[PDB]
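The lines below spell out each chain.
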Amino acid sequence: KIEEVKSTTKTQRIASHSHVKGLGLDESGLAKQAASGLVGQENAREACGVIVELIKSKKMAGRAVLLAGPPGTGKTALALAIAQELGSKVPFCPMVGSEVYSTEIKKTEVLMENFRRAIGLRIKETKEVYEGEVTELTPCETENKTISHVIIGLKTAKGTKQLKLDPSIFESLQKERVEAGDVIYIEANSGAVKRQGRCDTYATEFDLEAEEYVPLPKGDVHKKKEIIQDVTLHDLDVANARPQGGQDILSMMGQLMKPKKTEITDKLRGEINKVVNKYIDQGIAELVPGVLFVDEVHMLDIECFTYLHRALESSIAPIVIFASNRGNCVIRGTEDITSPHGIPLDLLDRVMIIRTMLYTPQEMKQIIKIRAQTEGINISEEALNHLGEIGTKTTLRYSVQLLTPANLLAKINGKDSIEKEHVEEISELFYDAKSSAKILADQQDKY
Amino acid sequence: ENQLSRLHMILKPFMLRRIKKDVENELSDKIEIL
Ligand SMILES: Nc1ncnc2c1ncn2[C@@H]1O[C@H](COP(=O)(O)OP(=O)(O)O)[C@@H](O)[C@H]1O
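Residues numbered from 1 in each chain as written, not as in the entry; some residues may be left out. Chains lettered and ligands numbered in written order. Part of a larger assembly, values for the part shown. Heavy atoms only, no water.

- Method of determination for the deposited model, per the PDB record: cryo-EM, at 3.35 Å resolution.

What follows is the structure, given as C-alpha coordinates:
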(Lines give C-alpha, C1' and ligand atoms only; values in the text may rest on other atoms or scores of the structure.)
Protein backbone atom coordinates (compact mmCIF):
# COMPACT_ATOMS: atom_id res chain seq x y z
CA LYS A 1 0.00 0.00 0.00
CA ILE A 2 2.15 2.95 1.29
CA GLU A 3 5.60 4.04 0.02
CA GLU A 4 7.94 5.92 2.46
CA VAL A 5 11.36 7.70 2.23
CA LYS A 6 13.37 10.57 3.93
CA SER A 7 16.37 12.86 3.17
CA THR A 8 17.08 16.30 4.82
CA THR A 9 20.93 16.38 5.23
CA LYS A 10 22.31 19.63 3.71
CA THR A 11 24.76 19.48 0.75
CA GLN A 12 28.37 20.60 0.82
CA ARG A 13 28.44 24.39 0.21
CA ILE A 14 29.05 25.61 -3.36
CA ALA A 15 32.40 27.43 -3.72
CA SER A 16 34.36 29.65 -6.16
CA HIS A 17 36.23 26.58 -7.65
CA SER A 18 33.90 23.59 -6.88
CA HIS A 19 33.05 23.18 -10.62
CA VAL A 20 36.75 22.27 -11.34
CA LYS A 21 36.99 18.42 -11.58
CA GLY A 22 40.22 17.85 -13.62
CA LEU A 23 42.34 19.13 -16.57
CA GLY A 24 39.90 17.80 -19.23
CA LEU A 25 42.61 16.24 -21.45
CA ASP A 26 42.32 13.55 -24.12
CA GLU A 27 44.78 10.61 -24.20
CA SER A 28 47.19 12.47 -26.58
CA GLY A 29 47.64 15.23 -23.94
CA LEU A 30 45.61 17.77 -26.00
CA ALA A 31 42.99 19.73 -24.05
CA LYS A 32 39.30 19.11 -24.89
CA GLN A 33 37.55 22.45 -25.63
CA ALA A 34 35.27 22.16 -22.57
CA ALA A 35 35.54 19.18 -20.16
CA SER A 36 35.92 18.38 -16.41
CA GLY A 37 34.16 21.75 -15.77
CA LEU A 38 36.89 23.89 -17.48
CA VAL A 39 36.92 25.91 -20.75
CA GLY A 40 39.67 27.41 -22.95
CA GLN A 41 43.31 27.83 -21.76
CA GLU A 42 44.54 24.90 -23.94
CA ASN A 43 48.12 26.29 -24.15
CA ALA A 44 48.18 26.16 -20.30
CA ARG A 45 46.07 22.98 -19.73
CA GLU A 46 48.35 20.93 -22.00
CA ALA A 47 51.36 22.18 -19.96
CA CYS A 48 49.61 21.32 -16.67
CA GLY A 49 49.03 17.92 -18.34
CA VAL A 50 52.81 17.44 -18.60
CA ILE A 51 53.10 18.48 -14.92
CA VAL A 52 50.55 15.85 -13.69
CA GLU A 53 52.69 13.31 -15.61
CA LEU A 54 55.70 14.83 -13.80
CA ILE A 55 54.14 14.41 -10.31
CA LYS A 56 52.96 10.82 -11.04
CA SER A 57 56.48 9.90 -12.26
CA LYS A 58 57.92 10.47 -8.67
CA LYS A 59 61.46 10.76 -10.28
CA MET A 60 62.15 14.51 -9.82
CA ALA A 61 62.96 16.69 -6.81
CA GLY A 62 62.36 20.45 -6.64
CA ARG A 63 61.03 21.05 -10.21
CA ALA A 64 58.94 24.25 -10.10
CA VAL A 65 56.35 25.90 -12.43
CA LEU A 66 54.96 29.43 -12.41
CA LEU A 67 51.40 30.09 -13.63
CA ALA A 68 51.48 33.71 -14.88
CA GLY A 69 48.66 35.89 -16.32
CA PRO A 70 46.13 38.69 -15.50
CA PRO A 71 43.57 38.54 -12.65
CA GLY A 72 40.56 36.31 -13.47
CA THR A 73 42.48 34.09 -15.96
CA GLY A 74 42.01 30.83 -13.95
CA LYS A 75 45.56 30.26 -12.49
CA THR A 76 44.23 29.11 -9.11
CA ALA A 77 41.52 27.10 -10.96
CA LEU A 78 44.22 25.29 -13.03
CA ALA A 79 46.28 24.62 -9.87
CA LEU A 80 43.08 23.11 -8.36
CA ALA A 81 42.59 21.13 -11.60
CA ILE A 82 46.06 19.60 -11.07
CA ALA A 83 45.04 18.77 -7.46
CA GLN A 84 41.80 17.05 -8.61
CA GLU A 85 43.65 15.13 -11.39
CA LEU A 86 46.08 13.64 -8.79
CA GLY A 87 43.14 12.38 -6.64
CA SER A 88 43.13 12.05 -2.81
CA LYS A 89 46.28 9.87 -2.33
CA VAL A 90 49.07 12.27 -3.43
CA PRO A 91 49.39 15.26 -1.02
CA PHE A 92 48.70 18.68 -2.50
CA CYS A 93 49.69 21.39 -0.01
CA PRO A 94 47.97 24.75 -0.72
CA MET A 95 49.68 27.91 0.59
CA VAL A 96 49.23 31.69 0.14
CA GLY A 97 52.35 33.88 -0.22
CA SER A 98 51.57 36.04 2.86
CA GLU A 99 51.48 32.93 5.17
CA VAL A 100 55.34 32.97 5.56
CA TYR A 101 55.18 36.02 7.89
CA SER A 102 54.74 33.98 11.14
CA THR A 103 55.28 35.67 14.53
CA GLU A 104 56.60 32.39 16.05
CA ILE A 105 59.34 31.22 13.60
CA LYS A 106 61.52 32.86 10.89
CA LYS A 107 59.99 33.31 7.38
CA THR A 108 62.77 31.17 5.89
CA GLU A 109 61.73 28.18 8.05
CA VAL A 110 57.91 28.47 7.49
CA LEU A 111 58.68 27.50 3.88
CA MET A 112 60.52 24.37 5.09
CA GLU A 113 57.40 23.38 7.05
CA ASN A 114 55.42 23.47 3.77
CA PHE A 115 58.23 21.74 1.76
CA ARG A 116 58.30 18.92 4.38
CA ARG A 117 54.45 18.84 4.43
CA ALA A 118 54.19 18.35 0.64
CA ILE A 119 56.15 15.02 0.83
CA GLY A 120 53.76 12.21 1.83
CA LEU A 121 54.59 8.79 3.27
CA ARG A 122 52.46 5.63 3.70
CA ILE A 123 53.29 3.11 6.47
CA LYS A 124 52.20 -0.44 7.41
CA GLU A 125 52.24 0.07 11.20
CA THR A 126 51.96 -3.46 12.67
CA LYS A 127 50.60 -2.36 16.10
CA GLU A 128 49.89 -4.85 18.88
CA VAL A 129 47.39 -4.36 21.68
CA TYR A 130 45.81 -5.86 24.77
CA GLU A 131 42.08 -5.32 25.44
CA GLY A 132 39.30 -6.64 27.70
CA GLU A 133 37.52 -6.32 31.04
CA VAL A 134 40.10 -5.94 33.88
CA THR A 135 39.22 -8.92 36.13
CA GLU A 136 42.37 -8.47 38.32
CA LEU A 137 45.00 -5.74 39.00
CA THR A 138 47.94 -6.71 41.29
CA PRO A 139 51.33 -4.88 41.48
CA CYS A 140 54.68 -6.53 42.52
CA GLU A 141 57.52 -4.95 44.59
CA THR A 142 61.37 -4.79 44.89
CA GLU A 143 64.12 -3.77 47.40
CA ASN A 144 64.70 -0.27 48.88
CA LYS A 145 60.14 -0.89 48.78
CA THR A 146 58.77 0.22 45.33
CA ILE A 147 56.76 -1.26 42.40
CA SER A 148 58.71 -3.36 39.84
CA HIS A 149 56.22 -5.52 37.88
CA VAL A 150 52.42 -5.79 37.40
CA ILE A 151 49.78 -8.48 36.98
CA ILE A 152 46.67 -7.47 35.02
CA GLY A 153 43.96 -10.05 34.38
CA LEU A 154 41.96 -9.31 31.18
CA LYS A 155 38.78 -11.05 29.87
CA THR A 156 37.08 -10.97 26.43
CA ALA A 157 34.29 -12.98 24.76
CA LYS A 158 37.00 -15.38 23.33
CA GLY A 159 39.05 -15.99 26.53
CA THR A 160 41.04 -14.57 29.46
CA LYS A 161 44.77 -13.98 30.13
CA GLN A 162 46.79 -13.04 33.22
CA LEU A 163 49.34 -10.60 31.72
CA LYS A 164 52.75 -9.68 33.18
CA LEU A 165 53.48 -5.96 32.54
CA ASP A 166 55.94 -3.06 33.03
CA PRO A 167 55.40 -0.77 36.12
CA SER A 168 55.01 2.22 33.71
CA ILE A 169 51.77 0.49 32.57
CA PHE A 170 50.68 0.43 36.25
CA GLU A 171 51.45 4.18 36.53
CA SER A 172 49.42 4.65 33.29
CA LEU A 173 46.46 2.54 34.59
CA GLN A 174 46.47 4.52 37.87
CA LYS A 175 46.47 7.82 35.85
CA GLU A 176 43.35 6.66 33.94
CA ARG A 177 41.71 5.55 37.28
CA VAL A 178 41.29 1.96 36.02
CA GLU A 179 39.64 -0.52 38.44
CA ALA A 180 38.34 -4.12 38.36
CA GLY A 181 35.35 -4.52 35.95
CA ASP A 182 36.55 -1.70 33.60
CA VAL A 183 36.85 -2.42 29.86
CA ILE A 184 40.20 -1.08 28.63
CA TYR A 185 42.46 -0.99 25.58
CA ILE A 186 46.30 -0.94 25.87
CA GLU A 187 48.58 -0.16 22.88
CA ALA A 188 51.65 -2.31 23.70
CA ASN A 189 54.00 -0.40 21.31
CA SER A 190 53.29 2.92 23.05
CA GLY A 191 52.21 2.19 26.67
CA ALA A 192 48.94 4.08 25.94
CA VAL A 193 45.78 3.15 27.93
CA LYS A 194 42.14 3.99 27.01
CA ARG A 195 39.44 3.34 29.64
CA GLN A 196 36.10 2.82 27.84
CA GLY A 197 33.96 2.32 31.02
CA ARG A 198 32.58 -0.61 33.10
CA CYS A 199 31.44 -3.79 31.33
CA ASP A 200 27.67 -4.17 30.54
CA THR A 201 27.69 -7.22 32.91
CA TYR A 202 27.56 -4.57 35.72
CA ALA A 203 25.13 -2.17 33.92
CA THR A 204 22.54 -1.91 36.80
CA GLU A 205 24.78 -2.36 39.90
CA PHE A 206 23.70 1.20 40.96
CA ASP A 207 20.59 3.35 40.39
CA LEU A 208 22.96 6.30 39.62
CA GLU A 209 26.60 6.44 38.47
CA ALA A 210 28.49 8.88 36.16
CA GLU A 211 29.53 6.01 33.76
CA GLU A 212 28.34 4.91 30.36
CA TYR A 213 28.77 1.11 30.25
CA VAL A 214 30.20 -0.84 27.23
CA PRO A 215 29.91 -4.39 25.77
CA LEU A 216 32.61 -7.02 26.43
CA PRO A 217 35.28 -6.92 23.62
CA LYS A 218 35.48 -9.78 21.04
CA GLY A 219 38.49 -11.90 19.94
CA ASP A 220 41.61 -12.87 21.99
CA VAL A 221 43.10 -10.53 24.68
CA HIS A 222 46.51 -10.11 22.95
CA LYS A 223 46.45 -9.33 19.20
CA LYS A 224 48.38 -7.52 16.44
CA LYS A 225 46.99 -5.58 13.44
CA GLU A 226 48.26 -4.14 10.16
CA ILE A 227 47.20 -0.45 10.44
CA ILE A 228 47.85 1.63 7.28
CA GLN A 229 48.93 5.22 8.13
CA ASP A 230 49.05 8.18 5.70
CA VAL A 231 51.45 10.82 7.09
CA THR A 232 53.72 13.70 5.86
CA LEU A 233 57.46 14.02 6.57
CA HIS A 234 56.60 17.25 8.45
CA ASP A 235 54.41 15.18 10.79
CA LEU A 236 57.56 13.15 11.64
CA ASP A 237 59.69 16.37 11.94
CA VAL A 238 57.30 18.08 14.42
CA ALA A 239 56.23 15.10 16.58
CA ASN A 240 59.89 14.45 17.53
CA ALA A 241 60.48 18.19 18.23
CA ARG A 242 57.75 18.55 20.96
CA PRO A 243 56.71 14.95 21.77
CA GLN A 244 53.30 14.25 23.35
CA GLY A 245 54.00 10.47 23.05
CA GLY A 246 55.15 8.11 25.81
CA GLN A 247 53.62 8.07 29.33
CA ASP A 248 56.07 10.02 31.57
CA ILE A 249 55.44 13.26 33.55
CA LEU A 250 57.44 15.34 31.02
CA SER A 251 55.41 14.29 27.91
CA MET A 252 52.14 14.49 29.89
CA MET A 253 53.13 18.05 30.98
CA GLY A 254 54.48 19.23 27.59
CA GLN A 255 51.11 18.35 25.99
CA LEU A 256 49.25 20.94 28.20
CA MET A 257 51.53 24.03 27.75
CA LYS A 258 51.02 26.54 24.85
CA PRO A 259 52.03 24.69 21.60
CA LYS A 260 54.48 27.31 20.24
CA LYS A 261 56.17 26.55 16.87
CA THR A 262 59.99 26.08 16.93
CA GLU A 263 62.84 26.59 14.40
CA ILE A 264 63.53 22.85 13.70
CA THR A 265 67.24 21.95 13.50
CA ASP A 266 68.60 20.45 10.23
CA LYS A 267 70.08 17.55 12.32
CA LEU A 268 66.54 16.39 13.24
CA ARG A 269 65.54 16.24 9.55
CA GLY A 270 68.79 14.27 9.04
CA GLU A 271 67.51 11.72 11.59
CA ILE A 272 64.00 11.61 10.00
CA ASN A 273 65.56 11.11 6.53
CA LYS A 274 67.77 8.25 7.88
CA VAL A 275 64.71 6.70 9.62
CA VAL A 276 62.34 6.84 6.62
CA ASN A 277 65.05 5.54 4.23
CA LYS A 278 65.15 2.44 6.53
CA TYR A 279 61.31 2.10 6.42
CA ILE A 280 61.48 2.26 2.58
CA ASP A 281 64.41 -0.26 2.45
CA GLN A 282 62.49 -2.65 4.79
CA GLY A 283 59.53 -2.41 2.33
CA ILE A 284 57.28 -1.20 5.22
CA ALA A 285 56.74 2.18 3.53
CA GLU A 286 55.76 3.79 0.27
CA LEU A 287 56.84 7.36 -0.52
CA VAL A 288 54.33 9.70 -2.26
CA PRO A 289 56.11 12.97 -3.14
CA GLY A 290 53.36 15.47 -4.02
CA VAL A 291 52.92 19.19 -4.72
CA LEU A 292 53.42 22.47 -2.87
CA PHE A 293 51.28 25.24 -4.39
CA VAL A 294 52.15 28.83 -3.39
CA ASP A 295 49.34 31.07 -4.60
CA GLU A 296 50.07 34.85 -4.63
CA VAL A 297 53.86 34.11 -4.60
CA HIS A 298 54.66 37.73 -5.66
CA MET A 299 54.84 38.97 -2.02
CA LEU A 300 57.26 36.50 -0.59
CA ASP A 301 60.18 38.63 0.72
CA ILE A 302 63.59 38.69 -1.08
CA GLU A 303 64.63 36.67 2.03
CA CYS A 304 62.14 33.99 0.96
CA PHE A 305 63.00 34.14 -2.75
CA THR A 306 66.71 33.79 -1.96
CA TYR A 307 65.94 30.84 0.31
CA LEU A 308 63.84 29.21 -2.46
CA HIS A 309 67.05 28.94 -4.55
CA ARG A 310 68.54 26.48 -2.01
CA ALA A 311 65.21 24.73 -1.34
CA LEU A 312 64.22 23.94 -4.98
CA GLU A 313 67.72 22.53 -5.65
CA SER A 314 67.56 20.07 -2.71
CA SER A 315 67.43 16.39 -3.81
CA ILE A 316 64.67 15.93 -1.15
CA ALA A 317 62.29 18.71 -2.22
CA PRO A 318 58.67 18.27 -3.56
CA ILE A 319 57.40 19.53 -6.93
CA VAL A 320 56.34 23.22 -6.71
CA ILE A 321 53.66 25.38 -8.34
CA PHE A 322 53.52 29.18 -8.07
CA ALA A 323 50.91 31.66 -9.24
CA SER A 324 51.37 35.36 -10.04
CA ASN A 325 49.14 38.12 -11.48
CA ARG A 326 51.63 41.06 -11.61
CA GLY A 327 53.44 43.04 -14.30
CA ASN A 328 56.88 44.69 -14.03
CA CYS A 329 56.31 45.14 -10.23
CA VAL A 330 58.82 46.19 -7.46
CA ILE A 331 59.98 43.13 -5.45
CA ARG A 332 58.88 43.42 -1.78
CA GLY A 333 61.73 43.98 0.69
CA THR A 334 64.06 45.39 -2.06
CA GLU A 335 62.53 48.92 -2.61
CA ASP A 336 64.85 49.53 -5.66
CA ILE A 337 64.33 46.43 -7.78
CA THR A 338 61.64 45.82 -10.46
CA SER A 339 61.21 42.45 -12.23
CA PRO A 340 58.66 40.27 -14.11
CA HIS A 341 55.79 38.77 -12.07
CA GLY A 342 57.07 40.34 -8.80
CA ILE A 343 59.72 37.53 -8.75
CA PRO A 344 63.55 38.09 -8.81
CA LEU A 345 65.22 37.10 -12.14
CA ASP A 346 67.61 34.91 -10.08
CA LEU A 347 64.59 32.69 -9.19
CA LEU A 348 62.79 33.18 -12.53
CA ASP A 349 65.47 31.08 -14.35
CA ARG A 350 64.62 28.11 -12.01
CA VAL A 351 60.89 27.88 -13.03
CA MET A 352 59.09 26.62 -16.16
CA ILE A 353 56.63 29.47 -16.87
CA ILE A 354 53.09 28.59 -18.02
CA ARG A 355 51.41 31.57 -19.75
CA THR A 356 47.66 32.12 -19.19
CA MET A 357 45.50 33.85 -21.86
CA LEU A 358 42.60 36.32 -21.44
CA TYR A 359 39.07 35.09 -22.36
CA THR A 360 36.99 35.90 -25.45
CA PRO A 361 33.28 36.82 -24.86
CA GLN A 362 32.34 33.40 -26.29
CA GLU A 363 34.35 31.70 -23.48
CA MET A 364 32.73 34.02 -20.86
CA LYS A 365 29.26 32.66 -21.84
CA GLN A 366 30.50 29.07 -21.47
CA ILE A 367 32.07 29.57 -17.99
CA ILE A 368 28.89 31.44 -16.88
CA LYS A 369 26.70 28.53 -18.13
CA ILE A 370 28.90 25.94 -16.34
CA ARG A 371 28.80 28.15 -13.22
CA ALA A 372 24.98 28.51 -13.26
CA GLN A 373 24.50 24.70 -13.49
CA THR A 374 26.92 24.53 -10.47
CA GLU A 375 25.11 27.20 -8.35
CA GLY A 376 21.94 25.11 -9.04
CA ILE A 377 20.10 27.89 -10.95
CA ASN A 378 18.24 28.09 -14.30
CA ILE A 379 18.71 30.97 -16.79
CA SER A 380 16.98 32.05 -20.05
CA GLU A 381 19.01 32.58 -23.26
CA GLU A 382 18.77 36.41 -23.50
CA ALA A 383 19.56 36.60 -19.76
CA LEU A 384 22.72 34.46 -20.18
CA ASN A 385 23.62 36.62 -23.20
CA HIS A 386 23.26 39.75 -21.01
CA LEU A 387 25.73 38.31 -18.44
CA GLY A 388 28.09 37.75 -21.40
CA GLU A 389 27.41 41.35 -22.57
CA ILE A 390 28.30 42.65 -19.05
CA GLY A 391 31.38 40.35 -19.09
CA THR A 392 32.76 42.17 -22.18
CA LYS A 393 32.53 45.55 -20.34
CA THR A 394 33.48 44.56 -16.77
CA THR A 395 35.36 41.31 -15.81
CA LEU A 396 34.71 37.50 -15.65
CA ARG A 397 34.33 37.40 -11.84
CA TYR A 398 31.72 40.18 -11.80
CA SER A 399 29.48 38.44 -14.41
CA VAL A 400 29.62 35.25 -12.27
CA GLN A 401 28.94 37.20 -9.03
CA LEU A 402 25.66 38.65 -10.47
CA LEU A 403 24.11 35.12 -10.78
CA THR A 404 22.74 34.28 -7.30
CA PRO A 405 21.65 37.89 -6.46
CA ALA A 406 19.54 37.69 -9.65
CA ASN A 407 18.24 34.21 -8.68
CA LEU A 408 17.06 35.68 -5.32
CA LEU A 409 15.19 38.48 -7.18
CA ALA A 410 13.70 35.83 -9.54
CA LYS A 411 12.18 33.73 -6.69
CA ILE A 412 11.33 36.86 -4.59
CA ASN A 413 8.82 37.60 -7.43
CA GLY A 414 7.93 33.89 -7.90
CA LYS A 415 9.83 32.95 -11.15
CA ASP A 416 11.58 29.59 -11.77
CA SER A 417 14.64 31.09 -13.62
CA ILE A 418 16.76 34.23 -14.05
CA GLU A 419 15.23 36.45 -16.78
CA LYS A 420 17.13 39.39 -18.37
CA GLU A 421 15.20 41.94 -16.27
CA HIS A 422 16.57 40.30 -13.05
CA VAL A 423 20.19 40.61 -14.29
CA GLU A 424 19.49 44.12 -15.62
CA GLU A 425 17.99 45.18 -12.23
CA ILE A 426 20.88 43.58 -10.24
CA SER A 427 23.44 45.54 -12.31
CA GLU A 428 21.83 48.77 -10.93
CA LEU A 429 22.45 47.73 -7.27
CA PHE A 430 25.89 46.08 -7.31
CA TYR A 431 28.58 48.29 -8.88
CA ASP A 432 31.91 46.79 -10.06
CA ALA A 433 35.55 47.96 -9.66
CA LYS A 434 35.43 49.98 -12.96
CA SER A 435 32.05 51.72 -12.46
CA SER A 436 32.74 52.42 -8.75
CA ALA A 437 36.19 53.87 -9.61
CA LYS A 438 34.36 56.33 -11.97
CA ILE A 439 31.94 57.74 -9.34
CA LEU A 440 34.70 57.68 -6.69
CA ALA A 441 37.11 59.64 -8.95
CA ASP A 442 34.32 62.19 -9.78
CA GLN A 443 33.37 62.70 -6.08
CA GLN A 444 37.07 62.59 -4.95
CA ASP A 445 36.79 65.94 -3.06
CA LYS A 446 34.59 64.28 -0.34
CA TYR A 447 36.37 60.96 0.58
CA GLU B 1 -5.48 -20.77 -19.68
CA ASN B 2 -5.68 -24.44 -20.90
CA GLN B 3 -2.55 -25.96 -19.23
CA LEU B 4 -3.28 -24.14 -15.91
CA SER B 5 -6.94 -25.38 -15.93
CA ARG B 6 -5.71 -29.03 -16.17
CA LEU B 7 -3.04 -28.43 -13.45
CA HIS B 8 -5.83 -26.93 -11.25
CA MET B 9 -8.07 -30.01 -11.85
CA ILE B 10 -5.10 -32.26 -10.89
CA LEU B 11 -4.77 -30.35 -7.54
CA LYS B 12 -8.48 -29.54 -6.70
CA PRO B 13 -9.56 -33.21 -5.94
CA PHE B 14 -6.82 -33.24 -3.18
CA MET B 15 -6.25 -29.52 -2.23
CA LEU B 16 -8.58 -27.03 -0.41
CA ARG B 17 -8.78 -23.17 -0.92
CA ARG B 18 -10.75 -20.35 0.89
CA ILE B 19 -9.52 -16.72 0.65
CA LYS B 20 -9.38 -15.07 4.15
CA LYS B 21 -13.03 -13.69 4.05
CA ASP B 22 -14.12 -16.59 6.36
CA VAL B 23 -12.18 -14.62 9.10
CA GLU B 24 -11.95 -11.07 7.54
CA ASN B 25 -15.60 -10.71 8.61
CA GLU B 26 -13.89 -10.24 12.07
CA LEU B 27 -10.32 -9.12 11.05
CA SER B 28 -9.02 -5.91 9.35
CA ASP B 29 -6.29 -5.64 6.63
CA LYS B 30 -2.50 -5.68 6.85
CA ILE B 31 -1.25 -2.08 6.56
CA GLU B 32 1.66 -2.83 4.15
CA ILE B 33 4.57 -0.37 3.55
CA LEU B 34 7.63 -0.22 1.26
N1 LIG C 1 39.44 27.92 -17.53
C2 LIG C 1 38.55 27.99 -16.54
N3 LIG C 1 37.74 26.96 -16.48
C4 LIG C 1 36.84 27.01 -15.48
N5 LIG C 1 36.68 27.99 -14.58
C6 LIG C 1 37.51 29.02 -14.74
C7 LIG C 1 38.46 29.07 -15.69
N8 LIG C 1 39.20 30.21 -15.67
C9 LIG C 1 38.64 30.88 -14.65
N10 LIG C 1 37.60 30.18 -14.06
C11 LIG C 1 36.80 30.57 -12.93
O12 LIG C 1 36.66 32.01 -12.93
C13 LIG C 1 37.11 32.57 -11.67
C14 LIG C 1 38.49 33.28 -11.88
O15 LIG C 1 39.60 32.35 -11.98
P16 LIG C 1 40.76 32.35 -10.86
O17 LIG C 1 41.44 31.02 -10.86
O18 LIG C 1 40.08 32.62 -9.57
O19 LIG C 1 41.62 33.55 -11.44
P20 LIG C 1 43.02 34.00 -10.84
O21 LIG C 1 44.11 33.12 -11.32
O22 LIG C 1 43.38 35.34 -11.37
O23 LIG C 1 43.02 34.17 -9.37
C24 LIG C 1 37.03 31.39 -10.68
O25 LIG C 1 35.66 31.21 -10.27
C26 LIG C 1 37.44 30.22 -11.58
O27 LIG C 1 37.07 28.93 -11.08
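Having seen it, we continue.
## Some thoughts on the layout of surface pockets
Residue and element names in this part refer to chain A.
- Considered as a void within the structure, the largest pocket measures approximately 710 Å³ in volume.
- For the largest pocket, the lining is made up of 34 residues, of which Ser16, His17, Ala77, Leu396 and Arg397 are closest to its centre.
- Breaking the lining of the largest pocket down by element, the ones donating at least two residues are β2 (38-39), α2 (75-86), α10 (361-375), α12 (396-401) and α13 (403-412). (1 Å grid on protein atoms, 1.4 Å probe; cavity = no way out; pocket = protein on both sides within 12 Å on 5 of 7 lines; lining within 4 Å. Points joined across faces, edges and corners; volume = space filled by probe spheres on them. Helix = DSSP H or I, 4+ residues; strand = E, 2+ residues; numbered from the N terminus.)

## Concerning the interface of chain A and chain B
- With four residues of chain A in contact, the opposing surface of chain B contributes six residues.
- With both chains or domains summed, chain A and chain B bury close to 440 Å², and 47% of this area falls on carbon and sulfur atoms.
- On the chain A side of the contact with chain B, A:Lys1, A:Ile2 and A:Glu4 bury the most area, a combined 86% of that side's loss.
- If you look at where chain A meets chain B, you find one salt bridge.
- Linking B:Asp29 and A:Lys1 is a salt bridge whose minimum nitrogen-to-oxygen distance equals 2.8 Å. (Contact = heavy atoms within 4.5 Å. Buried area = accessible area lost by both parts, 1.4 Å probe. Salt bridge = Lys/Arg side-chain N within 4 Å of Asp/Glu carboxyl O.)

## Notes on the sheet that holds strand β4 (residues 92-96) of chain A
Residues and elements named next belong to chain A.
- Strand order across the open sheet formed by five strands is β4-β12-β13-β3-β14, with parallel pairing between neighbours. Unpaired on one side and paired on the other, β4 and β14 (352-355) mark the two borders of the sheet. Ignoring which end each strand starts from, the neighbouring axes of this sheet average 20° apart.
- In this structure, strand β3 (residues 64-68) lies alongside β14, joined through four bridges in parallel fashion. Note that in β14 the partner of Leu67 across the bridge is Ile354.
- On the sheet, helix α3 (residues 107-117) packs against β4, β12 (291-295) and β13 (319-324) and is oriented at approximately 155° with respect to β4. (Pairing = 2+ DSSP bridges. Axes fitted to C-alpha atoms, helices over the stretch in contact; angles between N-to-C directions.)

## Focus: the side chain of A:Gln247
Residue and element names in this part refer to chain A.
- Considering the arrangement of structural elements, one finds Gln247 in the loop between α5 (233-241) and α6 (249-254).
- For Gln247, a relative accessible area of 17% corresponds to the buried category.
- A polar contact of 2.9 Å, which involves the side chain of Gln247, links it to the side chain of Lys175.
- Of note is the side chain of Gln247, whose polar atom sits 3.1 Å from the backbone oxygen of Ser190.
- In contact with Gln247, not counting residues within four places along its chain, are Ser168, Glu171, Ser172, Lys175, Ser190, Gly191, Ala192 and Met252. (Buried < 20%, exposed > 50% of the residue type's maximum accessible area, 1.4 Å probe, protein only. Polar contact = N/O pair within 3.5 Å; in protein donor to acceptor, adjacent residues only side chain to side chain.)

## Re the pattern of salt bridges
Residue and element names in this part refer to chain A.
- One pass over the full model with this rule turns up 22 salt bridges over all chains.
- Notably, a salt bridge pairs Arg122 with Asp230, separated by 2.8 Å at the nearest N-O pair.
- A relative accessible area of 54% places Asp230 in the exposed class.
- The closest approach of N and O atoms between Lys155 and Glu133, which form a salt bridge, is 2.7 Å.
- Using a relative accessible area of 30% as the deciding quantity, one classes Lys155 as partly exposed.
- Here the residues in one salt-bridge network are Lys58, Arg122, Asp230 and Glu286, joined through shared partners.

## Points about the site of the ligand
Residues and elements named next belong to chain A.
- Taken together, 19 residues lie near the ligand, and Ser16, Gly72, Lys75, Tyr359 and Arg397 sit nearest.
- One nitrogen or oxygen atom from the side chain of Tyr359 is found 2.7 Å from a nitrogen atom belonging to the ligand.
- The separation between an oxygen atom of the ligand and a polar side-chain atom of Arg397 is 2.8 Å.
- Taking 550 Å² as the accessible area of the ligand by itself, protein coverage stands at 94%.
- Because more than half of its atoms lie within 2 Å of the grid, the ligand is assigned to the largest pocket.
- Counting only elements with at least two residues in the shell around the ligand, the list comes to β2, α2 and α12.
- For the shell around the ligand, the leading source of residues is α2, giving three residues.
- In terms of residue class, the shell around the ligand is built from eight nonpolar, nine polar and two charged. (Near = heavy atom within 4 Å. Areas by Shrake-Rupley, 256 points an atom, 1.4 Å probe, with all protein chains shown as cover. Sits in = over half its atoms within 2 Å of the grid points. Nonpolar A, V, L, I, M, F, W, Y, C, P; charged D, E, K, R; others polar.)

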